[PDB]
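Here you get one chain, nothing else, as structure tokens; it is the form deposited in one PDB entry.
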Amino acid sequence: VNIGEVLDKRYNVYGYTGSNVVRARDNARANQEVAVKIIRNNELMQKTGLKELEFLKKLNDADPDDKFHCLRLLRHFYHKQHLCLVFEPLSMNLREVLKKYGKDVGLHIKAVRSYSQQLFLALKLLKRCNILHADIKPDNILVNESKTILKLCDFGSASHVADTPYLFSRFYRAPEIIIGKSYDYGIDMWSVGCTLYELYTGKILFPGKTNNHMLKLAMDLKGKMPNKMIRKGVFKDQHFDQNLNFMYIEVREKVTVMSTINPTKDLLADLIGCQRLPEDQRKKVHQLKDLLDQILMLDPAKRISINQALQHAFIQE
């Protein structure tokens, strides 16, 4: 991976981004900017490249007009036993935007409104194509030079609907994944909810040190997981006893058995954060609170649908 080098007898590499992603000009297209993702030659990462290629192709093929905010794969090739995915050029990820523009205290509610709509449109396309992303978070969301259009990236995470709790990013992990319940598109809707709170506050919604702490924090917001849901979980015994008490595990392990968790998480107070806002922004923050309340239902089946999300006051009013 060296600057000045040429890939596929056309891509002149002039920059790093941060597997490896480089910025290059296509000599065969009047030196138009591309991004090239070079995937490691090792056994696991190659088969993950094969999958990411197939998922992008299927999502690109299912959105020809590019209205549903997934990363555009231009083409692929091989350079010295290494798979290379050529992509539309893009500035940076929302993790970088939160640093530089958010200054670690989050973005303007207008920006979150716009980002919310685009991410909801991304879920719609993922559902249509029977795809779970499973690793949605600011780091896997790219933006253009002007920072107004986001594309969801990194589908090396991705799976078909029909297909474990340590696989992706703990903070954005849905409770049904943690307890080992059968899961659908709701896990991506959950991860989006976590992301929206983080885009406005700059902070992790559920900063749990373990899957156990994750369930505790989700229940600090919504109270104890419903018995009907706990029971459908293959890993219920790791978190709940035979009486369906929660086992709060602190790490040598100390365990506290709880009959109930009192809801204590004040989502509105954490979103506002003593800002003293004008009336128009205050209303949009209250509407984000309501949207989050509807997204972060512990039972997937009770979560706001993608269409109800796109129609939500926060995005529409």
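In this text, the rigid core denotes the largest set of C-alpha atoms whose superposition between the two forms falls within 1.5 Å. So that there is no doubt, residue numbering starts at 1 and follows the sequence shown.
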Query raised in the report: Is there a break between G18 and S19, and how many deposited residues does it span: none, 1 to 3, 4 to 9, or 10 or more?
Result: 4 to 9
Query - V251-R252 interval: deposited residues absent from the model - result: 4 to 9
Requested in this report: Quick one: say whether 107 to 115 or 197 to 205 has the higher mean Cα B-factor in the deposited entry.
Outcome: 107 to 115
Query - Of 239 to 247 and 68 to 76, the stretch whose C-alpha atoms average the higher B-factor in the entry - result: 68 to 76
Query raised in the report: From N227, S157, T148, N212, which pick has the Cα B-factor that tops the rest in the entry?
Result: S157
Report task. Quick one: which of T256, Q287, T260, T48 shows the highest Cα temperature factor in the PDB entry? Result -> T48
Query - Chain third (lowest, middle, highest) by recorded CA B-factor, residue given as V13 - result: highest
Query raised in the report: Thinking about Cα B factors across the chain, which third does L126 belong to?
Result: middle
**Report entry** Chain-wide C-alpha B factor ranking for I39, given as lowest, middle or highest third
**Finding:** highest
Report task. Within this chain's modelled residues, let me know which third the CA B factor of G233 belongs to: lowest, middle or highest. Result -> middle
Query raised in the report: Which third, lowest, middle or highest, does the CA B-factor of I304 fall in along this chain?
Result: middle
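The next section is about a form of this same protein that is not shown, the form deposited in another entry.
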Report summary line: Looking at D266, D61, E43, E279 between the shown form and the other one with the core superposed, the single C-alpha displaced by 2 Å or more is at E43
Query raised in the report: Using the core for the fit, does the CA position of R75 change by 2 Å or more between the shown form and the other one?
Result: no
Query raised in the report: Against the rigid core, is the Cα displacement of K110 between the shown form and the other one at least 2 Å?
Result: no
Report summary line: Cα of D104 vs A35, shift of 3 Å or more in that other deposited form, relative to this form: the pair sits farther
Report summary line: Working note: in that other deposited form the C-alpha atoms of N144 and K103, off by 3 Å or more, come farther
